[PDB]
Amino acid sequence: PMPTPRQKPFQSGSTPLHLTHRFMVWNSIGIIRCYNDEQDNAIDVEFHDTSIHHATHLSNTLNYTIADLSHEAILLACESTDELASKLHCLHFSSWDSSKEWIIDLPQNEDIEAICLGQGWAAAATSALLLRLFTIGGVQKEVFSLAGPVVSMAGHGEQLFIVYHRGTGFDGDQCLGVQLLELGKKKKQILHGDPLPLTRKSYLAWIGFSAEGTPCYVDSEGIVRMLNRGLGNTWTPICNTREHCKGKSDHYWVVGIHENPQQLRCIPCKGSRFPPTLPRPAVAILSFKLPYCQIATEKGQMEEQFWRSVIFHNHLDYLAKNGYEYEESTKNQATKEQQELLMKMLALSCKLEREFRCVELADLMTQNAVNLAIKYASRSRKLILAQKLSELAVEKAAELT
């Protein structure tokens, strides 16, 4: 076995630096393209919703190579030269005051290797293995040391999502860890350098949050995983873009993940793994599908639908806990689609005379759904099944009290 070259830091939604016309970032808010050249060096920011901000043009002169874009600011970063220091620059436009942009130099011999924007704050991972926090208005906040060289960073609300190198992988594998922090009034380290699961012989392609606030990331083998707060903060695979690829040379380039409605916003690519900058590629929508067994049979189909519903509605409870604004109609509807799938699966299981499986499915139901399944059973009629469902209902009522 022999040591795997350790992946270099990158910005999710960016195309390589050697390009003449590259994407600095493409996310759910807009696009930031750079145009480096011997003649001019331009940067331009477009917004998907042209009402959030006007198209912004900047005369690139500091050779900013990293950028992130939020609904409230533009973050740019450049490494150091023999003349100048590595600089972090911010155009927080949503500000109500006259002074609009700030810029700060890192100490000598420290180079910005990754950046990201959250809600009201920005973060920079540097060559000194330091994480430096800022308000969008330019106030330096806490600083702490990283457990290893950064690979990529994402931000959402008060959450900071860091991926780095735990150590050295072997035979094509990376060895990445994740540090997950919450930067509110009550600071928390949700994930203390947990090992980051990847497909073997693959590297990290994309990281970020869904619009609703759930951490997600994408393999180089097309496998899309999402944090599963309802399962002990494990990582559940929710897509595999390779099944939407026709040849080995085909890839999908992720730009966005949305939970409600569910949609994987990516850009189809044919030659390489990233789209050429022009003509402007069309954003394709890929459906999420969890890698369940026997997906063609009705049972497996419905099981996949059920668990997809569950994991894609954990975020509602996350918004509720942290006092964010959520719409309880969506919780209700999530419940009812899940109970409908459970009822259909119990009917299906019942027509196959697998009544123990029916009781198992009823364990996942609400009391009302169970009360209804008791009658359904009492009509096939699996009378013993009806009794077992009745005892289960008694047990549920004993748990509520």
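Start at 1 and count along the sequence shown; that's the residue number.
### Task
Taking the mean of the C-alpha B-factors per stretch from the entry, tell me the winner out of 181-189 and 249-257.
Stretch with the greater average CA B-factor: 249-257.
### Task
Between 196-204 and 262-270, point out the one with the higher average CA B-factor as the PDB entry records it.
Of 262-270 and 196-204, the stretch with the higher C-alpha B-factor average is 262-270.
### Query
Looking at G300, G230, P276, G138, which has the biggest Cα B factor in the entry?
If I rank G300, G230, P276, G138 by C-alpha B-factor, first place goes to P276.
### Query
Whose CA atom has the top B-factor in the entry, of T330, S152, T241, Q119?
In this record, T330 carries the highest C-alpha B-factor of the candidates.
### Message
Using the temperature factors of the C-alpha atoms in this entry, rank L361 within its chain: lowest, middle or highest third.
### Response
Within its chain, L361 is a lowest-third residue by C-alpha B-factor, going by the deposited values.
### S80, C-alpha B-factor rank within chain (lowest, middle or highest third)
Highest third, going by the recorded CA B-factors of the chain.
### Task
Could you tell me which third, lowest, middle or highest, the C-alpha B-factor of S98 occupies within its chain?
Within its chain, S98 is a highest-third residue by C-alpha B-factor, going by the deposited values.
### Message
When the deposited Cα B-factors of this chain's modelled residues are ordered and cut into thirds, is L346 in the lowest, the middle or the highest one?
### Response
Lowest third - that is where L346 ends up once the chain's C-alpha B-factors are sorted.
### Task
Name the third of the chain's ranked CA B-factors that contains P215, choosing lowest, middle or highest.
According to the entry, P215 has a C-alpha B-factor in the chain's lowest third.
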